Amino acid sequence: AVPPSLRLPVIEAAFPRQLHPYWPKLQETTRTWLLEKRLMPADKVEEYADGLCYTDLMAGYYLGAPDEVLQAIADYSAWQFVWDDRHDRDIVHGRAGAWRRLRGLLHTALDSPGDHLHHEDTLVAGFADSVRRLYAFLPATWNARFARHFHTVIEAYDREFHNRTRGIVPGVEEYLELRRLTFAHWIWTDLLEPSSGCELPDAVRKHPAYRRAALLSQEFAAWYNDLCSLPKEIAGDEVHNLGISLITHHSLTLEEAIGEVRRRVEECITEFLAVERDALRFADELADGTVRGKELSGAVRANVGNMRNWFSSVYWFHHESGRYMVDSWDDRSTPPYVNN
């Protein structure tokens, strides 16, 4: 029973959910990892980890992934949720020095994860373990591209720190550009390739149909998170949300901003349906009779299928996850799963 303001009949009808067969083992292995890496207090892992649905999100997205690949992705994605919470708490508590240090340590650990596996900051050590694991699947050129993308993500989070401490709400286009980075669009897109077992050549992954399909998948997911997480974010003085930027800079009411964000999300869906046809036709064109053409064809088809799966996984995640259930909290500004 999705709230009417969030319900998207086209997702529910035309994007049937998928679940990776490794999901039951993934759930418990990631929860054990969060425990053993001390990424969340033991009592909060026990009360909340499963209800957060982080592994469910990844297992509905990277279909076809080798189990070991999906495990590293899920650990890394759970880490990224804990990092979002740490960033939030550093801003709320004014810990600009602790944030600047963490920011520098994540840049360094991203380039040399092996050196940071036992770092005193458990958030850095957990980061390093998952990244080292992700670096073991594909050639070093893929690792370099992952790192280049995530160094950009870290700096976008630094920009968020400064906006929120100065109480600056970005403008709408400013925000849309920043959101492609704080949502980690290009990391999810990069992770498609170890999930289908193939580093794609630049010529294939920069093909306009592949690029546009990948963009729209992520714009849908980021803006649907904005639509669904707007209440928790207003309650916690978050400023980064397309709806907040519309209410703040365009005098829209809550109702009007929500309607506009919905319309933008819906347009992502139908633009995706159009370019999906071209991206799958390109996957067909890559199968040229050769072994290599078959490899690339199958990899592009799997990645475009997972671009599609991201729509339904993100849609349902926001209605199942404890992360967004702000009406259940005694303190609406402090989620119970965050370390305060």
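A residue's number is simply how far along the shown sequence it sits, counting from 1.
229-237 set against 181-189, stretch whose average Cα temperature factor tops the other in the entry: Looking at the recorded C-alpha B-factors, 229-237 comes out higher on average.
Taking the recorded C-alpha temperature factors, which stretch has the higher mean, 70-78 or 85-93? Result of the comparison: 85-93.
Kindly indicate the residue among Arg17, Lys25, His319, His20 with the greatest C-alpha B-factor in the PDB record. Max CA B-factor in the entry, restricted to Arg17, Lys25, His319, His20: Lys25.
Whose C-alpha has the highest temperature factor in the PDB entry: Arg292, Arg308, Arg301, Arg277? Within the set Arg292, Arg308, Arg301, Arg277, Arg292 shows the top C-alpha B-factor.
Going by the CA temperature factor in the PDB record, which third of the chain does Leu286 belong to: lowest, middle or highest? Highest third - that is where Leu286 ends up once the chain's C-alpha B-factors are sorted.
Within this chain's modelled residues, let me know which third the CA B factor of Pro194 belongs to: lowest, middle or highest. Middle third.
How does the C-alpha B factor of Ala65 compare with the rest of the chain: lowest, middle or highest third? Lowest third - that is where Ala65 ends up once the chain's C-alpha B-factors are sorted.
Where does the C-alpha B-factor of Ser251 rank in its chain, lowest, middle or highest third? Highest third - that is where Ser251 ends up once the chain's C-alpha B-factors are sorted.
Taking the entry's C-alpha B-factors for this chain, is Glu219 in the lowest, middle or highest third? Its C-alpha B-factor belongs to the lowest third of this chain's values.
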